[PDB]
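Peer 1: Before I ask anything, here is the structure I am working with.
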Amino acid sequence: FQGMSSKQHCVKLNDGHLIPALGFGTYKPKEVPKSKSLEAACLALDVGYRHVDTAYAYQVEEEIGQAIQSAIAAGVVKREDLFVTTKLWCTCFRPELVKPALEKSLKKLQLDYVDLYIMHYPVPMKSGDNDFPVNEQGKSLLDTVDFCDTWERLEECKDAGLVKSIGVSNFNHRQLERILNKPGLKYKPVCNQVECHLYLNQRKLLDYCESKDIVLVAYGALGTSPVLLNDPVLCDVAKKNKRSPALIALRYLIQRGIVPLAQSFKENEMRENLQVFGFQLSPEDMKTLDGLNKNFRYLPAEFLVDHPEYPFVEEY
Ligand SMILES: Nc1ncnc2c1ncn2[C@@H]1O[C@@H]2COP(=O)(O)O[C@H]3[C@@H](O)[C@H](n4cnc5c(N)ncnc54)O[C@@H]3COP(=O)(O)O[C@H]2[C@H]1O
């Protein structure tokens with residue numbers, strides 16, 4: 001199966017590197033065993049995914065690294081043709097913890113570098129082994145760490161060669177401006193990975209990111225409360241184009257310059273999602289899909305809401 005590499009469909013990042021225009025997500029729900037994460041990642045590489053997105057906090061970096069190593073040994077893919085993203089977690093935002101956390105991720109992934117390393121959120125939490133520290137009342141134990149101070153250490157990780165590109169996740173407009181306007185900035189973020197789909201289409205944040213050559217990367221692209229995939233207008237557009245609702249929802253994002261992370265644990269859905277480059281939506285259908293926006297956030301990260309940098313109070 002032909003690999004969907006940057007050679008096929010890529011987006012140019014503002015540091016010169018290329019990211020494949022469709023990624024494979026690896027968020028693992030509670031109910032899904034880690035053996036299924038490994039199986040799904042192996043199949044994704046087999047059927048042609050080359051952009052693999054993971055995170056320390058998903059707890060499956062080991063399994064993703066095993067899938068990558070087994071695919072390379074089998075001759076499915078070479079390392080230079082893969083684009084691997086992982087993420088720095090809130091409990092390691094203190095500057096002195098950034099590079100050790102990256103090296104820990106690299107060891108778990110069995111990689112010498114990642115293509116993209118991003119701050120998972122703009123909000124830090126208390127350092128320690130627990131990824132979700134709380135007090136007796138269940139409130140999150142937060143920290144005070146300027147994300148610009150954390151950003152400087154991601155810049156150092158890039159200069160050390162441990163990561164090719166650096167970016168952020170779940171930042172809002174004001175927070176991106178803080179990085180872009182920080183004194184002595186070395187590298188702009190190449191991306192802002194956010195929840196984005198037909199019911200939260202991020203038009204305002206996308207406009208801003210485009211104006212700064214920052215790529216918007218979408219998770220929750222199929223809607224993760226209303227069920228996006230059952231939307232009657234979406235399903236009418238799907239029927240008109242002879243494609244599935246999921247493929248319309250992904251194509252909507254692709255045509256707006258967004259890099260979606262598509263994920264399934266079902267092999268047939270993985271392969272279906274790769275067909276997103278085989279059709280395009282008319283301007284009329286894109287306008288119809290624009291009209292579905294609800295500004296509805298399925299993933300509001302409520303565990304961070306007490307912190308002043310909680311990103312989702314502001315309009316964008
Ligand atoms: N071609 C196709 N036809 C029909 N259905 C299809 C399909 N391709 C995928 N799907 C289904 O769409 C569901 C939602 O995908 P989405 O990427 O929006 O949403 C993803 C992911 O973005 C979201 N999620 C939840 N918490 C998250 C977090 N903390 N970080 C990132 N993602 C999170 O949870 C979902 C996990 O994926 P999961 O496989 O359980 O659930 C998938 C999968 O069951």
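Within each chain, counting starts at residue 1; across the structure tokens, chains are named A, B, ... in the order shown, with ligands numbered 1 upward in that order.
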Go through chain A and flag each residue having an atom no more than 8 Å from ligand 1; for those, report the closest pair of atoms plus their distance in Å to one decimal, using only C-alpha atoms and all ligand atoms, ordered by chain and rising number, as a tab-separated table.

Peer 2:
residue	atom	partner	partner_atom_place_in_ligand_line	distance
A:25	CA	ligand 1	22 (O)	6.9
A:26	CA	ligand 1	36 (C)	7.6
A:27	CA	ligand 1	32 (N)	5.2
A:28	CA	ligand 1	36 (C)	6.5
A:29	CA	ligand 1	40 (O)	6.2
A:58	CA	ligand 1	29 (N)	7.8
A:195	CA	ligand 1	22 (O)	7.6
A:197	CA	ligand 1	18 (O)	7.7
A:219	CA	ligand 1	22 (O)	4.5
A:220	CA	ligand 1	18 (O)	3.4
A:221	CA	ligand 1	18 (O)	4.2
A:222	CA	ligand 1	18 (O)	3.3
A:223	CA	ligand 1	18 (O)	4.1
A:224	CA	ligand 1	18 (O)	3.4
A:229	CA	ligand 1	5 (N)	7.6
A:244	CA	ligand 1	3 (N)	7.0
A:245	CA	ligand 1	3 (N)	7.3
A:246	CA	ligand 1	3 (N)	5.0
A:247	CA	ligand 1	1 (N)	6.4
A:261	CA	ligand 1	17 (O)	6.3
A:262	CA	ligand 1	17 (O)	5.1
A:263	CA	ligand 1	17 (O)	5.2
A:264	CA	ligand 1	39 (O)	3.7
A:265	CA	ligand 1	39 (O)	5.2
A:266	CA	ligand 1	39 (O)	7.5
A:268	CA	ligand 1	1 (N)	7.4
A:269	CA	ligand 1	1 (N)	4.0
A:270	CA	ligand 1	8 (N)	6.3
A:271	CA	ligand 1	1 (N)	7.7
A:272	CA	ligand 1	1 (N)	5.3
A:273	CA	ligand 1	1 (N)	5.2
A:299	CA	ligand 1	26 (N)	6.5
A:301	CA	ligand 1	29 (N)	7.8

Peer 1: Give me the residues near residue 203 in chain A as a PyMOL selection string, where near means some atom within 10 Å (using only C-alpha atoms) and where sequence neighbours in that chain fewer than 4 positions away do not count.

Peer 2: chain A and resi 196+207-209+256+290+293+295+316

Peer 1: If you run DSSP over the backbone, which residues in range 46-208 of chain A end up strand (DSSP E or B)? Put them as a ChimeraX atom specification.

Peer 2: /A:49,51-53,83-88,114-119,125,134,140,142,163-169,191-195,197,200

Peer 1: Can I get the selection written as a short mmCIF file (atom, residue, chain, number, x, y, z; two decimals), in the first residue's frame, with N, CA, C and O atoms?

Peer 2:
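Result went into again_38.cif, see below:
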data_model
loop_
_atom_site.label_atom_id
_atom_site.label_comp_id
_atom_site.auth_asym_id
_atom_site.auth_seq_id
_atom_site.Cartn_x
_atom_site.Cartn_y
_atom_site.Cartn_z
N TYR A 49 -0.62 5.05 6.44
CA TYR A 49 -0.40 6.26 7.22
C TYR A 49 1.08 6.48 7.44
O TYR A 49 1.84 5.54 7.69
N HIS A 51 2.02 9.87 9.02
CA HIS A 51 1.98 10.86 10.08
C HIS A 51 1.28 10.18 11.25
O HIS A 51 0.11 9.80 11.14
N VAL A 52 2.00 9.97 12.35
CA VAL A 52 1.46 9.32 13.54
C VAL A 52 1.54 10.31 14.69
O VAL A 52 2.63 10.83 14.99
N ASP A 53 0.40 10.60 15.31
CA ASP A 53 0.32 11.57 16.39
C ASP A 53 0.05 10.85 17.70
O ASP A 53 -0.92 10.09 17.80
N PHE A 83 6.42 10.69 9.93
CA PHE A 83 6.32 11.92 10.69
C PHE A 83 5.67 11.58 12.03
O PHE A 83 4.48 11.25 12.07
N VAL A 84 6.45 11.64 13.11
CA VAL A 84 6.01 11.25 14.44
C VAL A 84 5.91 12.50 15.31
O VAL A 84 6.88 13.26 15.43
N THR A 85 4.74 12.70 15.90
CA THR A 85 4.49 13.77 16.86
C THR A 85 4.28 13.17 18.25
O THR A 85 3.57 12.17 18.40
N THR A 86 4.90 13.76 19.26
CA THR A 86 4.41 13.52 20.61
C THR A 86 4.34 14.85 21.36
O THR A 86 4.60 15.92 20.79
N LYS A 87 3.91 14.78 22.62
CA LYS A 87 3.50 15.98 23.36
C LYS A 87 4.07 15.98 24.77
O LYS A 87 4.08 14.96 25.45
N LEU A 88 4.51 17.17 25.18
CA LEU A 88 4.94 17.46 26.54
C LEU A 88 3.73 17.69 27.43
O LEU A 88 2.88 18.53 27.13
N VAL A 114 11.92 13.00 17.32
CA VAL A 114 10.57 13.08 16.79
C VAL A 114 10.50 14.23 15.79
O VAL A 114 11.27 15.19 15.85
N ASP A 115 9.56 14.12 14.85
CA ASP A 115 9.40 15.18 13.87
C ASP A 115 8.72 16.41 14.43
O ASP A 115 8.97 17.52 13.96
N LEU A 116 7.90 16.24 15.46
CA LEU A 116 7.16 17.36 16.02
C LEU A 116 6.96 17.10 17.51
O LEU A 116 6.58 15.99 17.91
N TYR A 117 7.24 18.10 18.33
CA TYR A 117 7.04 18.02 19.77
C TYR A 117 6.28 19.26 20.19
O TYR A 117 6.69 20.38 19.85
N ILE A 118 5.16 19.08 20.89
CA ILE A 118 4.30 20.21 21.18
C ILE A 118 3.89 20.23 22.64
O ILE A 118 3.78 19.19 23.30
N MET A 119 3.67 21.44 23.17
CA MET A 119 3.06 21.57 24.49
C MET A 119 1.61 21.12 24.41
O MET A 119 0.84 21.58 23.56
N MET A 125 0.59 21.85 35.47
CA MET A 125 0.12 21.23 36.70
C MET A 125 1.30 20.84 37.57
O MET A 125 2.45 20.79 37.12
N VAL A 134 -4.50 16.02 42.17
CA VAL A 134 -5.68 16.67 42.73
C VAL A 134 -5.54 16.76 44.24
O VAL A 134 -4.76 16.04 44.86
N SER A 140 -7.80 20.26 40.72
CA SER A 140 -6.48 20.03 40.17
C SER A 140 -5.42 20.84 40.92
O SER A 140 -5.66 21.98 41.32
N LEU A 142 -2.47 22.89 40.45
CA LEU A 142 -1.91 23.62 39.34
C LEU A 142 -0.53 24.15 39.71
O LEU A 142 -0.05 23.98 40.84
N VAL A 163 14.27 17.04 18.23
CA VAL A 163 12.99 17.26 17.58
C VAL A 163 13.23 18.14 16.36
O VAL A 163 14.06 19.06 16.39
N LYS A 164 12.55 17.82 15.26
CA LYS A 164 12.74 18.61 14.05
C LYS A 164 11.93 19.90 14.08
O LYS A 164 12.41 20.95 13.63
N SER A 165 10.70 19.85 14.60
CA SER A 165 9.81 21.00 14.62
C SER A 165 9.12 21.07 15.97
O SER A 165 8.88 20.04 16.61
N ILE A 166 8.77 22.28 16.40
CA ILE A 166 8.07 22.46 17.67
C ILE A 166 6.78 23.25 17.46
O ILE A 166 6.66 24.06 16.54
N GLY A 167 5.81 22.97 18.32
CA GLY A 167 4.52 23.62 18.23
C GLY A 167 3.76 23.53 19.53
O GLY A 167 4.32 23.20 20.58
N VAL A 168 2.46 23.84 19.46
CA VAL A 168 1.63 23.87 20.66
C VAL A 168 0.30 23.20 20.38
O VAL A 168 -0.06 22.91 19.23
N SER A 169 -0.45 22.98 21.45
CA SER A 169 -1.79 22.41 21.38
C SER A 169 -2.69 23.15 22.37
O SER A 169 -2.28 23.46 23.49
N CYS A 191 2.60 24.73 14.53
CA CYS A 191 1.22 24.27 14.55
C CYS A 191 0.56 24.68 15.85
O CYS A 191 1.23 24.97 16.85
N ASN A 192 -0.76 24.67 15.82
CA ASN A 192 -1.61 24.70 17.00
C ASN A 192 -2.59 23.56 16.81
O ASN A 192 -3.45 23.62 15.92
N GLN A 193 -2.43 22.50 17.59
CA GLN A 193 -3.31 21.34 17.51
C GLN A 193 -4.51 21.57 18.43
O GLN A 193 -4.34 21.74 19.65
N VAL A 194 -5.71 21.64 17.85
CA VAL A 194 -6.92 21.96 18.60
C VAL A 194 -8.04 21.00 18.21
O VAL A 194 -8.00 20.36 17.16
N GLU A 195 -9.06 20.93 19.07
CA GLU A 195 -10.31 20.30 18.66
C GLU A 195 -10.91 21.08 17.49
O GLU A 195 -11.03 22.31 17.56
N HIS A 197 -13.87 20.51 14.06
CA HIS A 197 -14.80 19.65 13.34
C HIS A 197 -15.96 20.52 12.90
O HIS A 197 -16.00 21.72 13.19
N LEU A 200 -17.45 22.72 15.55
CA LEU A 200 -16.51 23.66 16.17
C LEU A 200 -15.47 23.98 15.09
O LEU A 200 -14.34 23.48 15.09
#

Peer 1: Write out as an MDAnalysis selection string all residues of range 155-242 of chain A that backbone DSSP assigns to alpha helix (DSSP H).

Peer 2: chainID A and resid 155:159 173:180 203:211 232:241

Peer 1: Taking 6 positions as the minimum chain separation for residues in the same chain, which residues sit within 7 Å of residue 19 in chain A when counting only C-alpha atoms? Answer as a list in words.

Peer 2: residues 6, 10, 11, 12, 13 and 83 of chain A

Peer 1: Which residue, A:312, A:89, A:132, A:303, has the smallest gap to residue 105 in chain A when you use only C-alpha atoms?

Peer 2: A:89

Peer 1: I'd like to know which of A:175, A:59, A:241, A:201 is closest to residue 189 in chain A, using only C-alpha atoms.

Peer 2: A:175

Peer 1: Do you know which residues are at most 9 Å from residue 76 in chain A counting only C-alpha atoms, after dropping those on the same chain fewer than 3 positions away, and could you put them as a PyMOL selection string?

Peer 2: chain A and resi 1+3+45-46+70-73

Peer 1: For residue 106 in chain A, which residue among A:260, A:33, A:161, A:65 is the nearest when counting only C-alpha atoms?

Peer 2: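 Of all the options, A:65 lies closest to residue 106 in chain A.
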
Peer 1: Go through A:80, A:112, A:231, A:63 one by one, measure the shortest atom-to-atom distance of each to residue 36 in chain A using only C-alpha atoms, and give the residue with the smallest value.

Peer 2: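 Among the listed residues, the smallest separation from residue 36 in chain A belongs to A:63.
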
Peer 1: Between A:206, A:101, A:249, A:123, which one has atoms that come closest to residue 56 in chain A, using only C-alpha atoms?

Peer 2: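 Going through A:206, A:101, A:249, A:123 one by one, the smallest distance to residue 56 in chain A is for A:101.
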
Peer 1: My list of candidates is A:145, A:60, A:82, A:228. Which is closest to residue 95 in chain A when distances are computed with only C-alpha atoms?

Peer 2: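 Once distances to residue 95 in chain A are computed over only C-alpha atoms, the minimum belongs to A:145.
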
Peer 1: Extract, using only C-alpha atoms, all DNA, RNA and protein residues at most 12 Å from residue 240 in chain A, discarding same-chain residues fewer than 5 positions from it, and format them as a compact mmCIF listing (two decimals) with N, CA and C atoms, in the first residue's frame.

Peer 2:
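Written output follows (result_7.txt):
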# COMPACT_ATOMS: atom_id res chain seq x y z
N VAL A 233 -27.82 17.20 7.68
CA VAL A 233 -27.25 17.95 6.56
C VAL A 233 -25.95 17.32 6.10
N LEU A 234 -25.09 16.94 7.05
CA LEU A 234 -23.88 16.19 6.72
C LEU A 234 -24.22 14.93 5.92
N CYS A 235 -25.24 14.20 6.34
CA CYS A 235 -25.53 12.96 5.64
C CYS A 235 -26.10 13.21 4.25
N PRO A 245 -20.40 9.96 5.66
CA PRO A 245 -20.36 11.16 6.50
C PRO A 245 -18.98 11.44 7.09
N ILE A 248 -16.82 13.06 4.43
CA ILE A 248 -17.18 14.46 4.22
C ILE A 248 -16.60 15.34 5.33
N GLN A 280 -13.37 15.90 -3.99
CA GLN A 280 -13.40 17.22 -3.38
C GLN A 280 -14.83 17.72 -3.34
N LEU A 281 -15.05 18.66 -2.43
CA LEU A 281 -16.35 19.26 -2.20
C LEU A 281 -16.47 20.56 -2.98
N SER A 282 -17.64 20.74 -3.61
CA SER A 282 -17.95 21.96 -4.35
C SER A 282 -17.99 23.16 -3.40
N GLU A 284 -20.41 25.18 -3.07
CA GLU A 284 -21.74 25.16 -2.47
C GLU A 284 -21.80 24.20 -1.29
N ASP A 285 -21.19 23.03 -1.43
CA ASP A 285 -21.23 22.07 -0.33
C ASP A 285 -20.37 22.55 0.84

Peer 1: Report, in Å to a single decimal, how far apart CA of residue 64 in chain A and CA of residue 50 in chain A are.

Peer 2: 12.5 Å

Peer 1: Could you work out how far CA of residue 153 in chain A lies from CA of residue 305 in chain A, giving the answer in Å with one decimal?

Peer 2: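 CA of residue 153 in chain A lies at a distance of 25.1 Å from CA of residue 305 in chain A.
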